[PDB]
Amino acid sequence: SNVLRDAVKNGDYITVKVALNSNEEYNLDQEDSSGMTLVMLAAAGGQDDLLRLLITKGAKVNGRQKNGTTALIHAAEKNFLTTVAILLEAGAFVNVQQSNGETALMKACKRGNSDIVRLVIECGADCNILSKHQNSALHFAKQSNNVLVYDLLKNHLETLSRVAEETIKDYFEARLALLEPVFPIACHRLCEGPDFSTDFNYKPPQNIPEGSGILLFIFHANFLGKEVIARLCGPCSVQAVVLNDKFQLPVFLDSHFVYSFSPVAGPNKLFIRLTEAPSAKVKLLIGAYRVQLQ
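Reading guide: rules and limits
- Residues numbered from 1 in each chain as written, not as in the entry; some residues may be left out.
- Heavy atoms only, no water.
- Residues with missing side-chain atoms left out of burial classes, pairs and counts.
- 1 Å grid on protein atoms, 1.4 Å probe; cavity = no way out; pocket = protein on both sides within 12 Å on 5 of 7 lines; lining within 4 Å.
- Points joined across faces, edges and corners; volume = space filled by probe spheres on them.
- Helix = DSSP H or I, 4+ residues; strand = E, 2+ residues; numbered from the N terminus.
- Nonpolar A, V, L, I, M, F, W, Y, C, P; charged D, E, K, R; others polar.
- Domains from an automatic or database assignment.
- Buried < 20%, exposed > 50% of the residue type's maximum accessible area, 1.4 Å probe, protein only.
- Arc of directions from axis to C-beta.
- Contact = heavy atoms within 4.5 Å.
- Salt bridge = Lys/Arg side-chain N within 4 Å of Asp/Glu carboxyl O.
- Core = buried A, V, L, I, M, F, W, Y, C linked by side-chain atoms within 4.5 Å.
- UniProt positions renumbered as here; feature names shortened; annotations may be inferred.
- Axes fitted to C-alpha atoms, helices over the stretch in contact; angles between N-to-C directions.
- Parallel < 35°, antiparallel > 145°, perpendicular 65-115°, else oblique.
- Left-handed = near helix turned anticlockwise from the far one by under 90°.
- Buried area = accessible area lost by both parts, 1.4 Å probe.

- Under the annotation held in the PDB entry, the chain carries the name M-phase phosphoprotein 8 and is attributed to Homo sapiens.

See the structure below:
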């Protein structure tokens, strides 16, 4: 019973091997008053072989504490690179937030570990996410004054925006032209869930070219290493878009990748409902831009 909890907090690989081949029914998802499961304590202590057994014993990788911390966040806190690698190999959600609004990537940027940064953003992490204090991963990376980390993040986002321009060019045959992003393009892992939510701020410029308009794009994208490729056709995972409790409607009835986006100045709330494919390896690049109608 209790024996496995303290065993996992400490080093007892033989004990766990026997308990895992023994004829006793153990709940490997029990949470103490704090809420930590065996998976996240094991990840807290860098005891990797325990993690391999826990994964091969059917243990939720993506649990959460009462303050919203998953095992992956714990691993990121204490620089246990090998543990992060195995969790990402186990289908762990990367972009979950704590009650304070911080993600794993932010911890890795804060402590200056470039390797974790590469590993998570390559597996589809979102850089522009903000905490309750409106600091992004990028601000932490630059204040920690670790050049490799902030170069990595900056080049990653440069690549994302570049591919957005390229794909819209390809799909509208250049009769249309992007002008200025409305709000930092975000990234969503479909395997993480069917819901998507965010809060942003919109500040219009004085000079609005008459005949120009705002559109929301949901590019369906794949990350292969450092290369990202995206599409605005084919299978769509978008069912509904809600901007401030007002549904937004697609510009076309044949596709659900481009929606009309008429935000009001100041704070805005966006929430999208998606299809459920827990095994989908698809990333969604969500961005609302102004555009010119040629």
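From this point on, the discussion continues.
**Some remarks on the layout of surface pockets**
Consideration 1: For the largest pocket, the calculated volume is near 1,200 Å³.
Consideration 2: Of all the secondary-structure elements, those providing two or more residues to the lining of the largest pocket are strand 2 (186–189), strand 3 (195–202) and strand 9 (266–274).
Consideration 3: With seven residues, the single largest contributor to the lining of the largest pocket is strand 3.
Consideration 4: Tallied by class, the residues present in the lining of the largest pocket amount to twelve nonpolar, 16 polar and seven charged.
Consideration 5: Each of domain 1 (3–153) and domain 2 (158–293) gives at least three residues to the lining of the largest pocket.

**With respect to helix 4 (residues 48–55)**
Owing to its 3.6 residues per turn, the α-helix brings residues three or four apart onto one side.
Consideration 1: When helix 4 is considered as a whole, its buried residues turn out to be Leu50, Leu51 and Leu54. Along the long axis of helix 4, the arc covered by the buried residues comes to 100°, so they all point the same way.
Consideration 2: Contacts made by the buried residues of helix 4 are with helix 1 (3–9), helix 2 (13–21), helix 3 (38–44) and helix 6 (81–89).

**Some words on the pattern of salt bridges**
Consideration 1: Under the definition given, this model contains nine salt bridges.
Consideration 2: Note that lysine 107 is salt-bridged to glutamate 77, the shortest N-O span being 2.8 Å. On the criterion of sequence distance, the pair formed by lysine 107 in helix 7 (residues 104–111) and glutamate 77 in helix 5 (residues 71–77) is long-range, its members being 30 residues apart.
Consideration 3: A relative accessible area of 12% means that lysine 107 is categorised as buried.
Consideration 4: Linking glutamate 192 and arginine 189 is a salt bridge whose minimum nitrogen-to-oxygen distance equals 3.1 Å.

**What to know about the nonpolar core**
Consideration 1: In terms of nonpolar packing, the biggest core is built from 64 residues, with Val117 and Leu153 touching the most fellow members.
Consideration 2: Counting residues per element, this core draws most heavily on helix 10 (residues 147–172), which supplies nine residues.
Consideration 3: Here this core spans two domains, since at least three of its residues come from each of domain 1 (3–153) and domain 2 (158–293).
Consideration 4: Once residues within four sequence positions are removed from consideration, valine 117 is found in contact with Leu105, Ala108, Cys109, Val149, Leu152 and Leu153.
Consideration 5: If you look at the next biggest cluster of nonpolar residues, it comprises 22 residues, including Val182, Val238, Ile272 and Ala280.

**Considerations on the environment of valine 117**
Consideration 1: Within the secondary structure layout, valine 117 lies in helix 8 (residues 114–122).
Consideration 2: Remark: the alpha-carbon pair of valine 117 and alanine 76, spanning 41 residues in sequence, is separated by 9.7 Å.

**What to know about helix 6**
Consideration 1: Listed as buried for helix 6 are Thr83, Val84, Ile86, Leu87 and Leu88.
Consideration 2: As for helix 6, its buried residues are in contact with helix 4, helix 5 and helix 8.
Consideration 3: Following helix 6 by one or two positions, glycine 91 adopts a phi angle in the positive range, close to 75°.

**Concerning the UniProt feature "repeat: ANK" in the chain**
Consideration 1: Mapped onto this structure's residue numbering, the UniProt feature "repeat: ANK" falls at residues 34–63, 67–96, 100–129 and 133–162.
Consideration 2: Within residues 100–129, the helical portion is 57% and the strand portion 0%, while the C-alpha atoms at the span's ends are 12 Å from each other.
Consideration 3: For residues 133–162, the helix share is 77%, the strand share is 0%, and the end-to-end C-alpha distance is 29 Å.

**Re the packing of helix 7 against helix 8**
Consideration 1: At a minimum axis distance of 9 Å, the contact between helix 7 and helix 8 shows a crossing angle of 160°. Viewed along their axes, helix 7 and helix 8 adopt a mutual orientation that is roughly antiparallel. When the axes of helix 7 and helix 8 are compared, the crossing they make is left-handed. Of the residues in helix 8, those touching helix 7 at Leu105, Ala108 and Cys109 are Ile116, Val117, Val120 and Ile121.
Consideration 2: Looking at the contact of helix 7 with helix 8, its residues break down into seven nonpolar, no polar and no charged.

**Focus: the domain arrangement of the chain**
Consideration 1: Each assigned domain of the chain is listed with its residue range as follows: domain 1 (3–153) and domain 2 (158–293).
Consideration 2: Each of domain 1 and domain 2 was reduced to a C-alpha centroid, and the two centroids are 29 Å apart.
Consideration 3: The partner domain 2 presents ten residues to the eleven residues of domain 1 that form the contact.
Consideration 4: In this assembly, domain 1 packs against domain 2 so that about 870 Å² is buried in total across both faces, 47% of it on carbon and sulfur atoms.
Consideration 5: Taken as a group, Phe93, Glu122 and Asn128 account for 43% of the area that domain 1 buries against domain 2, more than any other trio of residues on that side.
Consideration 6: On inspection of domain 1 and its partner domain 2, the count reaches zero salt bridges.

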